[PDB]
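Heads up, the thing below is written out as structure tokens.
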Amino acid sequence: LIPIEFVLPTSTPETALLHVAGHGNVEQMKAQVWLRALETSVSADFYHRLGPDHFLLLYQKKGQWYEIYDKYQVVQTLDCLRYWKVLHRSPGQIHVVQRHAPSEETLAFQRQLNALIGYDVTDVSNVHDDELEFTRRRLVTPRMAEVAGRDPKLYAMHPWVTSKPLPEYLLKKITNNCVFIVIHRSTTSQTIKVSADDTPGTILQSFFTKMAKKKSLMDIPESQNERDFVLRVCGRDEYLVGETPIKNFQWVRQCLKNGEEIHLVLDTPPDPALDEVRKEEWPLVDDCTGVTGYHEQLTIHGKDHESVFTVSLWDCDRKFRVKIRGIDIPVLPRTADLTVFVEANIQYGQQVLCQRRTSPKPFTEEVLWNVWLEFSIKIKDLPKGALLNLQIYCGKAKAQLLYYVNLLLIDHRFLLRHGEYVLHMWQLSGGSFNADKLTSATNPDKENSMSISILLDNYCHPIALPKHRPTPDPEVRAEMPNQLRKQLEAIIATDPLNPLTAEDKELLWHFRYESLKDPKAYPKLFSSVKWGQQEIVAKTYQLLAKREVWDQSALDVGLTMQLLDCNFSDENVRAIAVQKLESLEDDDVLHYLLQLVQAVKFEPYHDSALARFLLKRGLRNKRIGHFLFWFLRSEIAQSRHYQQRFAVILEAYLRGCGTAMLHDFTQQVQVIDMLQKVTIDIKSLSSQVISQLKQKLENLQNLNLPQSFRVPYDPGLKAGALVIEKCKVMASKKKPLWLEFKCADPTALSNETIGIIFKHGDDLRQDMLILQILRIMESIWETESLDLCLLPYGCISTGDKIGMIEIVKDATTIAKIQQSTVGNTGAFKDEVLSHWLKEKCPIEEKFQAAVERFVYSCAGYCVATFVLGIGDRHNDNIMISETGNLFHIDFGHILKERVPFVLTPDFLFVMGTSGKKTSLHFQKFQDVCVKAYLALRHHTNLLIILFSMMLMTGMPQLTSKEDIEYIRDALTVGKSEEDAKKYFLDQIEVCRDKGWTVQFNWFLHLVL
Amino acid sequence: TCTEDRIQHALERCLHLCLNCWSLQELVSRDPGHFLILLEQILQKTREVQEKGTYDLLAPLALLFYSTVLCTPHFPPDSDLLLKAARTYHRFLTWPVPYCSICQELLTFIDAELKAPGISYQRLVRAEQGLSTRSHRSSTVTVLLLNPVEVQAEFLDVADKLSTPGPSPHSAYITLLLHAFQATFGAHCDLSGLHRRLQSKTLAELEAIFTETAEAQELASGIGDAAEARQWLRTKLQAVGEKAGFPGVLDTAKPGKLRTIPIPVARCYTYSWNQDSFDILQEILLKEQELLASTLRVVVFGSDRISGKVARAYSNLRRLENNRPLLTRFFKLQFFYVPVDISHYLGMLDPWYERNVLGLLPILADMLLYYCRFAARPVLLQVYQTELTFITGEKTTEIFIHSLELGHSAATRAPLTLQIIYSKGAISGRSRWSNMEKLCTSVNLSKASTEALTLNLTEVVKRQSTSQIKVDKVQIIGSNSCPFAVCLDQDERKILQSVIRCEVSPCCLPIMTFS
């Protein structure tokens, strides 16, 4: 028993002292308190009118009010008891406070958040548990912890720095380690020369000291000094602040690369008071909430049946058992004489532990089985993240899968499910595996979908999964035979996709302490664990508990992104993978941000280490949050399988950004909504279209169209008023909108507009994935001092089938250039592109620079598309700039005569090789291609774990390993560098052999 | 040995058939020593099930244990059989409902029997004989509702024999004292001397002695520690025997011979049931005022047609009383069905009932009492409600369980534009209403989770096409106050007429079963 003094609400404040059963539940304690208050209370009428469900239990832990939220938790495990014992408090005080209705302002803020998210997080219509409300309550602690510890000025100004070394192609441009900076204030400009290692503070101090005599001109109030001002990129919002050398800001680098002057304006710092956060609504929820305890406390052995309150899961030695009652759909999908049957499978990740199925029956509108399916697996061997995978197969008179649904077998509170269930199944519209097939959510449409009724057994007491006790492990040993060590090393050195034979698994698990010394063997050593046996799991936790080498190992993103895949569903492998990502810079979390957001789809539980890591890194930088918001909102609007989890995460984020960051999000979701209704109306219904659009656009300025908003794909650029004399509708099947705004910042150095393409009726997520991979590949090439002059433009998906795309100025499609002379027949002259480029560039030096740029760009885009396997493109999807750069567009689809990549005789003519002749430029092109290919091969594991994800969370249609082996074949895994060089040169000759043979066939296919 | 293998054969032949249990309970009773051997074998078999997982063989074993452990003449102090049984049944807490709920109630009985020997047999006997004390008084009475005609004469002879007052309070109190003393002091007591000395004593002193013995046993059952409870009970009984004046009867260093004490026949009353309503019971309750929680064991000897009207009478005595408590005022009723539909249904669920009850002093008397005594778990029947709105505005809620016609055939047993609306439903709790009227002659509601009635439709529209379908709920409305009869489970007496609107929808005194 435990003495506790509850402070009741009725007044002086009445108190009740009670003794609580240690192993009882919170609901039991509530009932006992209510029963005592019914008698002790002077006025029991107040307690008779209401009940125990109209009050909250709050306790103060170090100046903050925590709440006992779980109405079943074991009283013994309440963290309040531990806190009191540490402080030597007895009896503890627990305040009982009555529930109140939310104020009006709370409801208004909630509605605003729901509007921003695009989904009602407060809905409880499609749920069979309280996992999502419990996650909302739990995520309060990380948000407060991160908000409290943020530097106001650095948050408000978000400098964009990096620590990587300066690539060699940039040290040539820095002469004598000095950089020229142009400093504007008002109508005055001055060029200063500074050292490349000077922090912005030193730069200012030097400036002021120089111009101290002439401060009057610059218009710097005499009473003000270098501490009142900051530097700001002219035109954009990219403050240069903090303690960092001038050479480490991504702006300065970018400007150097492009050979452009660095223009900076003196400005006043933003006031951090604009980033105040609304006071938290809910009290914090006790930390030890999802904690169950150890086996010794939970076991039923060595106890009396009258003293049993919980049963350990590891005490059940029976075989699992599920009852299939029946299936039922309102209307048959297909009309024929068909047989159907149900298949149940236990599943861990992608592994099918067991499998049972029922006898076929004719496919009527309601099929009834009432059959107990028994699985070979015992109830004690069930692992945390298992998933009963119910599937409906149809046979004629093989079998074709029709519907699927998943049900967890251990909830977020470490308890075994029980009772009847009625689950609404998804439909396999459209391969062997996809991410969509792991979701544990049910179909929202409850009126026109198939439903499976199951029944899991009921038990007298809750059955809980104990917690592995961290006990010292016995294992010593000695050296390994030099044959077995060589065999093990050979096993470890294989590519990530090489399957493992049973002998390999046995060898890895036998010498599981030698493998622990090599980090690279972790992704294979954890694939050989028999997750269907409790003993081997408790032996795996005793091994993971000694994690010295992994902690001391250097960070490799290609290895740590391999433990987050769908193969590992254990929370302790993922936990360490995240512990290893928590040391990544802020410049490198932006490269892999989209992959890490897509990797949340593989998490069996809503609350996870990876979700908390994204939440924390979002609340710390003001540029990793602009993109987390738009990725989560792009996923919510389209993926009905995972919209509720992303909605919860996005709500958790949006309650800590600030008021400015919410104003911006609002002023952008408005622009977007207005331009999507415009698009819709335009399509629904020549000069017609022209005038119609002009009208609508000019009348949107009589609505509430924001006059200044941040471009969604470039958070640093502010766009203002439309230029309605430059907009139009592009000539295409889907009629994109060609909008052109103008910069809202009056400090800009030019009158150039901001071009934006608004698309509708198409999904752009695949474009985003491909562009992210291109940026990753350009970082890899930068690592080795290679400048292939790629041009990944800005693309972003904003909602359902809609999107926004950047416009590249002075660019045109190669198809238009060909049609400018040939016409629209299907012929292709070979010298058109060269003549066009020469016309654009009259000066010889400009022409040579453009041709070199062309060369490099083509080499890099051929290599990239060959590696990705999407190099077979129509000539209409490749554009070229007036400076010679070349790039691809419209990747949203590509994801009997075939080519590896587009190298039509026009490119080769630009280079100089008219036929099979060779020229200096085509030799330079070959050398660049070979170097780039070898550099890419250096990161084979990374690119092989990024492609697999691109495919499992990308294209909606299911995929098989045959789809993934292409990347293995393209990178020439396991071959010497000479062999790879020969292979790529052979591919080049293959493209140099077909000429216009595939282009013509694309033209014919499109015309026909 | 031969005896052990005989017992094992009987056990393996009762767990496969109606008199295969009675034969066990008639082979064991011979020697007081046969009750331990049987228990060991049962425990062995139980452990096997625990290892295997045979969900279907648990409930019969839990009934044999309870049955034997309650007649065991005596447990030697050395024997640890009860402890082994408790350890064996402790591991069923991890099984699914209701097995865990049969095991908790067996473990409680095994602690009550571990601490206070003979308590579970003195409670039963006490109650059934209505010879309780002034502290914990209870009672049980058995009424044999049997139809003189429909039922065979053999069951009449059995009922007559069971109705003969068997014991007297004097003999019952002597038997209770003898079994309370033997259970505790084993062979170390002299039951012949105890009986001879108890015979001459008066009724009042015997009642006082039993009241002290029962109070001591009850208090001993409350003791926390098991080990000291037996010694405390032994000392208390020794003092009681010293006070009563036969100290030279207990603790005899010389050992005697164990004797088996059977359960005395319970009190029974036989009443002529020519009707079907359960009003008879309230008429009986007048002599209960003079014949006085408690309990009443109503043994409704049962036929087929009877079953229908028996459920109908059950109906009233269910709701009627729930709303007009008259019998429930004192007694908790429990009805027992003797097969002489309800049968079929109660068998498909609980085999032990089928195998035993359905397969059926004389052997029939023993088996009857045995069933009535040990079967203690109910099965709720599946009934359907009907609302019959009449022309003058009369609405009557009937409750049928077999069938229900309405039409030309309803008059025949004693064609219209009958509006018909029906609502089927799926296992997922989604309904699919339908409002299709068909002009027809006869409509028969046929008893096809829950159960979905079937709608019969006889569309013989002739000048000068009978269809049946499933239905979860039905509504048959008449054509502008047009008369039509209403059958009731193939009734031949109560068939009303001129009805207009009839809606049929799916719908203590339990129907006790063993499991």
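Protein sequences, first through last, are from chains A and B. Residues 37 to 47, 53 to 438, 457 to 489, 495 to 539, 543 to 752, 760 to 969, 980 to 1092 in the entry's author numbering are what the first sequence lists, from first letter to last. Residues 7 to 22, 37 to 312, 512 to 559, 604 to 623, 649 to 702, 723 to 756, 766 to 781, 793 to 835, 866 to 873 in the entry's author numbering are what the second sequence lists, from first letter to last. Cβ atoms here follow ideal geometry from the backbone N, Cα and C, with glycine treated the same way.
Assuming residue i and residue j make a contact with CB atoms under 8 Å, what is their CB distance in whole Å?
i	j	result
A/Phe270	A/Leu307	5 Å
B/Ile130	B/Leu102	6 Å
B/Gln727	B/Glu745	5 Å
B/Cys91	B/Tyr141	7 Å
B/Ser736	A/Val481	5 Å
A/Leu960	A/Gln1010	Between A/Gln1010 and A/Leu960 the Cβ distance is about 17 Å, and since that is not below 8 Å, they are no contact.
B/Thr775	B/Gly681	About 29 Å; that fails the 8 Å criterion.
A/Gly966	A/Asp788	No, A/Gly966 and A/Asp788 are not in contact; Cβ-Cβ is about 21 Å, not under 8 Å.
A/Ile518	A/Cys357	Incorrect: roughly 19 Å between the Cβ atoms, too far for contact.
A/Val797	A/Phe815	7 Å
Quick one: is residue i near chain B, going by C-beta distance under 9 Å?
i	result
A/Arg359	yes
A/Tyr867	no
A/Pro526	no
A/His658	no
A/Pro371	yes
A/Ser348	no
A/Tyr523	yes
A/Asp328	no
Leaving out five residues before and five after residue i in sequence, what residues of the same chain have Cβ atoms less than 7 Å from its Cβ?
i	result
B/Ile651	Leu39 and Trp42
A/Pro780	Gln734, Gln737 and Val738
A/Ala78	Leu44, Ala57 and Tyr88
A/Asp328	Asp120
A/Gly1079	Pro989
A/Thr147	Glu322
Any beta carbon from chain A within less than 9 Å of residue i's own beta carbon?
i	result
B/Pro614	no
B/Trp115	yes
B/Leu753	no
B/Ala734	yes
B/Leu668	no
B/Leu127	yes
B/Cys120	yes
Answer with yes or no whether the minimum CB distance from residue i to chain E is below 9 Å.
i	result
B/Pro275	Considering every chain present, this structure includes no chain E. Its protein chains are A and B.
Could you tell me which residues DSSP pairs with residue i in its beta bridges?
i	result
A/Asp312	For A/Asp312, which the question treats as bridged, DSSP gives no partner whatsoever.
A/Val929	Partner(s): none; A/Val929 has no beta bridge.
A/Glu880	A/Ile830
A/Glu55	None; A/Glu55 has no bridge partner.
B/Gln45	B/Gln45 is not bridged to any residue.
residue 491 of chain A	Because chain A is numbered from 489 directly to 495, the model contains no atoms for residue 491 of chain A.
Which same chain residues end up closer than 6 Å to residue i when comparing Cβ atoms and leaving out the 5 residues on each side of it in sequence?
i	result
A/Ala644	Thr627, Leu630 and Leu631
A/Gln665	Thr1037
B/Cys835	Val671, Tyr672 and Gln673
Apart from the five residues on each side of it in sequence, which residues of its chain come closer than 8 Å, Cβ to Cβ, to residue i?
i	result
A/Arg641	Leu630, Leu631, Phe635, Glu670, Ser675, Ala676 and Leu677
B/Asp523	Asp604
| message | As an exercise, report each continuous alpha helix (DSSP H) stretch of at least 4 residues that is fully enclosed by the stretch 111-188 of chain B, in chain order. | response | 119-135, 139-149 and 173-183
| field | Complete alpha helix (DSSP H) runs within the stretch 246-317 of chain A (minimum length 4 residues, chain order) | value | 256-259 and 291-298
| said: Which complete beta strand (DSSP E) runs does the stretch 369-403 of chain A hold, if anything under 3 residues is left out? | reply: 379-386
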